[PDB]
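As provided, input_34.txt (compact mmCIF, C-alpha atoms and all ligand atoms) reads as follows.
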```txt
# COMPACT_ATOMS: atom_id res chain seq x y z
CA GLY G 1 -5.45 -21.19 -16.33
CA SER G 2 -6.47 -17.83 -14.89
CA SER G 3 -4.27 -17.05 -11.88
CA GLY G 4 -5.52 -13.53 -11.25
CA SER G 5 -3.87 -11.81 -8.30
CA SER G 6 -0.08 -12.06 -8.36
CA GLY G 7 1.51 -11.90 -4.92
CA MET G 8 0.27 -11.28 -1.38
CA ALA G 9 1.25 -8.32 0.80
CA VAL G 10 2.17 -9.94 4.12
CA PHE G 11 3.99 -7.73 6.63
CA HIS G 12 5.06 -8.47 10.21
CA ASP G 13 4.38 -5.07 11.78
CA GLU G 14 4.26 -1.38 10.89
CA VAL G 15 7.15 0.39 12.62
CA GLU G 16 7.98 4.09 12.41
CA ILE G 17 11.38 5.07 11.01
CA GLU G 18 11.86 7.00 14.25
CA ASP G 19 12.59 3.60 15.79
CA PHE G 20 14.91 2.53 12.97
CA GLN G 21 18.66 3.11 13.25
CA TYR G 22 20.03 5.32 10.48
CA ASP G 23 23.73 4.88 9.70
CA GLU G 24 25.37 7.75 7.81
CA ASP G 25 28.17 5.29 7.04
CA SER G 26 25.96 3.59 4.45
CA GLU G 27 22.88 5.80 4.73
CA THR G 28 20.88 2.69 5.59
CA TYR G 29 18.31 2.18 8.35
CA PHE G 30 18.14 -0.88 10.61
CA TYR G 31 15.59 -2.73 12.74
CA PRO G 32 15.57 -5.64 15.23
CA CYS G 33 14.09 -8.66 13.46
CA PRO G 34 12.17 -11.23 15.56
CA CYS G 35 14.13 -13.88 13.65
CA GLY G 36 17.74 -12.83 14.15
CA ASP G 37 19.28 -10.54 11.55
CA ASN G 38 18.38 -6.85 11.73
CA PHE G 39 16.33 -5.48 8.82
CA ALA G 40 17.93 -3.02 6.39
CA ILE G 41 16.49 -0.39 4.06
CA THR G 42 18.63 1.98 2.00
CA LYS G 43 17.58 5.61 2.46
CA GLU G 44 17.17 5.73 -1.32
CA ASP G 45 14.57 2.94 -1.24
CA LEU G 46 12.52 4.99 1.22
CA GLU G 47 12.66 8.19 -0.84
CA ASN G 48 11.57 6.17 -3.87
CA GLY G 49 8.46 5.34 -1.87
CA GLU G 50 9.40 1.84 -0.71
CA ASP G 51 8.75 1.91 3.03
CA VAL G 52 9.81 -1.73 3.32
CA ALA G 53 12.74 -3.28 5.17
CA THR G 54 14.05 -6.69 4.12
CA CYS G 55 15.95 -9.11 6.36
CA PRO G 56 19.15 -10.84 5.16
CA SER G 57 17.97 -13.87 7.13
CA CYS G 58 14.22 -14.47 6.86
CA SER G 59 13.67 -11.70 4.31
CA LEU G 60 10.80 -10.30 6.37
CA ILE G 61 9.13 -7.07 5.26
CA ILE G 62 7.78 -4.40 7.61
CA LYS G 63 5.97 -1.12 6.97
CA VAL G 64 8.24 1.85 7.70
CA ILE G 65 6.13 4.77 8.93
CA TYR G 66 8.03 7.93 8.01
CA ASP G 67 7.19 11.49 7.00
CA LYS G 68 6.95 11.22 3.21
CA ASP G 69 7.36 15.00 3.14
CA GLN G 70 10.70 14.76 4.94
CA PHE G 71 12.16 12.28 2.45
CA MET G 72 10.41 13.80 -0.57
CA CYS G 73 11.38 17.42 0.04
CA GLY G 74 14.78 17.71 -1.62
CA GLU G 75 14.80 16.80 -5.31
CA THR G 76 11.41 18.42 -5.91
CA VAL G 77 11.95 20.55 -9.02
CA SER G 78 12.21 24.31 -8.50
CA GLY G 79 9.49 26.46 -10.05
CA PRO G 80 8.39 29.48 -7.98
CA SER G 81 11.95 29.59 -6.66
CA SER G 82 11.25 27.92 -3.31
CA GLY G 83 13.62 28.85 -0.50
ZN ZN X 101 14.55 -11.59 9.86
```
Go ahead and express the file in the form of structure tokens.
Amino acid sequence: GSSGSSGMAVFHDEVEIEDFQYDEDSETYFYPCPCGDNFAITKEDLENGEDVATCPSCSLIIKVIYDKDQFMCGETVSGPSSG
């Protein structure tokens, strides 16, 4: 019948990107998973406002604490001629 809520936000731990390991090679961050495989989150995903790293093993999801301003600042349209 009426299911209601669809899905449940269950994270393992909120880690700051500062701890993650950015790899220019594939512009993708990494993190040590308590299961085995190291998490992975494409820089793009972050900019889009994801802040979630999935594991190719357990598929765990953690909260990536990063400066939204840092990622955001870049594509922001140009009006007053910022610079
Ligand atoms: Zn894992």
Q. Ligand ZN 101 (chain X): which residues are within 8 Å, counting only C-alpha atoms and all ligand atoms, as number ranges by chain?
A. G: 33-39, 54-60
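Separating atom CA of residue G:63 from atom CA of residue G:77 is a distance of 27.6 Å.
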Q) Which polymer residues have any atom within 10 Å of an atom of stretch 43-53 of chain G, counting all atoms listed in the file, with same-chain residues fewer than 4 positions away left out, as an MDAnalysis selection string? A) chainID G and resid 11 14:17 20 22:24 26:31 33 38:39 59:66 68:75
Please complete stretch 11-34 of chain G so it has N, CA, C and O atoms, and hand it over as a CSV table (one decimal), keeping the file's coordinate frame.
```
chain,number,residue,atom,x,y,z
G,11,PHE,N,3.0,-8.4,5.8
G,11,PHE,CA,4.0,-7.7,6.6
G,11,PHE,C,3.9,-8.3,8.1
G,11,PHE,O,3.0,-8.9,8.5
G,12,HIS,N,5.0,-8.0,8.8
G,12,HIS,CA,5.1,-8.5,10.2
G,12,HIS,C,4.5,-7.4,11.2
G,12,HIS,O,3.7,-7.7,12.0
G,13,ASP,N,4.9,-6.2,10.9
G,13,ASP,CA,4.4,-5.1,11.8
G,13,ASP,C,4.8,-3.7,11.2
G,13,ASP,O,5.9,-3.6,10.6
G,14,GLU,N,4.0,-2.7,11.4
G,14,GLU,CA,4.3,-1.4,10.9
G,14,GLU,C,5.0,-0.6,11.9
G,14,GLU,O,4.4,-0.1,12.9
G,15,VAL,N,6.3,-0.4,11.7
G,15,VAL,CA,7.2,0.4,12.6
G,15,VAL,C,7.5,1.7,12.0
G,15,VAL,O,7.8,1.8,10.8
G,16,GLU,N,7.6,2.8,12.9
G,16,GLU,CA,8.0,4.1,12.4
G,16,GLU,C,9.5,4.2,12.3
G,16,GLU,O,10.2,3.8,13.2
G,17,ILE,N,10.0,4.9,11.2
G,17,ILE,CA,11.4,5.1,11.0
G,17,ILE,C,12.1,5.6,12.3
G,17,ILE,O,13.2,5.3,12.5
G,18,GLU,N,11.3,6.4,13.0
G,18,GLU,CA,11.9,7.0,14.2
G,18,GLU,C,12.5,5.9,15.1
G,18,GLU,O,13.5,6.2,15.8
G,19,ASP,N,12.0,4.7,15.0
G,19,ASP,CA,12.6,3.6,15.8
G,19,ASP,C,13.8,3.0,15.1
G,19,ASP,O,14.7,2.5,15.7
G,20,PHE,N,13.8,3.1,13.8
G,20,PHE,CA,14.9,2.5,13.0
G,20,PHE,C,16.2,3.2,13.4
G,20,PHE,O,16.2,4.2,14.0
G,21,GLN,N,17.3,2.6,12.9
G,21,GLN,CA,18.7,3.1,13.2
G,21,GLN,C,19.4,3.5,12.0
G,21,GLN,O,20.0,2.7,11.3
G,22,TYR,N,19.4,4.8,11.7
G,22,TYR,CA,20.0,5.3,10.5
G,22,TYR,C,21.5,5.3,10.7
G,22,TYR,O,22.0,5.8,11.7
G,23,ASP,N,22.3,4.9,9.6
G,23,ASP,CA,23.7,4.9,9.7
G,23,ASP,C,24.3,5.7,8.5
G,23,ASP,O,24.4,5.2,7.4
G,24,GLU,N,24.8,6.9,8.8
G,24,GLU,CA,25.4,7.8,7.8
G,24,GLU,C,26.4,7.0,7.0
G,24,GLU,O,26.6,7.2,5.8
G,25,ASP,N,27.1,6.1,7.7
G,25,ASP,CA,28.2,5.3,7.0
G,25,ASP,C,27.7,4.8,5.7
G,25,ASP,O,28.4,4.9,4.7
G,26,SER,N,26.5,4.1,5.7
G,26,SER,CA,26.0,3.6,4.4
G,26,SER,C,24.5,4.1,4.2
G,26,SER,O,23.8,3.5,3.5
G,27,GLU,N,24.2,5.2,4.9
G,27,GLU,CA,22.9,5.8,4.7
G,27,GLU,C,21.8,4.7,4.6
G,27,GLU,O,21.0,4.7,3.7
G,28,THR,N,21.8,3.8,5.6
G,28,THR,CA,20.9,2.7,5.6
G,28,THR,C,20.3,2.5,7.0
G,28,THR,O,21.0,2.4,8.0
G,29,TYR,N,19.0,2.4,7.1
G,29,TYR,CA,18.3,2.2,8.4
G,29,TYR,C,18.4,0.7,8.8
G,29,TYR,O,18.7,-0.2,8.0
G,30,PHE,N,18.1,0.5,10.1
G,30,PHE,CA,18.1,-0.9,10.6
G,30,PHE,C,17.0,-1.1,11.6
G,30,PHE,O,16.4,-0.2,12.1
G,31,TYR,N,16.7,-2.4,11.8
G,31,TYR,CA,15.6,-2.7,12.7
G,31,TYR,C,15.8,-4.1,13.3
G,31,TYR,O,16.2,-5.1,12.6
G,32,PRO,N,15.5,-4.3,14.6
G,32,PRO,CA,15.6,-5.6,15.2
G,32,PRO,C,14.5,-6.6,14.7
G,32,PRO,O,13.3,-6.5,15.0
G,33,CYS,N,15.0,-7.6,14.0
G,33,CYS,CA,14.1,-8.7,13.5
G,33,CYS,C,13.8,-9.8,14.5
G,33,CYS,O,14.8,-10.2,15.2
G,34,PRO,N,12.6,-10.2,14.6
G,34,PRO,CA,12.2,-11.2,15.6
G,34,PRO,C,12.7,-12.6,15.2
G,34,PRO,O,12.3,-13.6,15.7
```
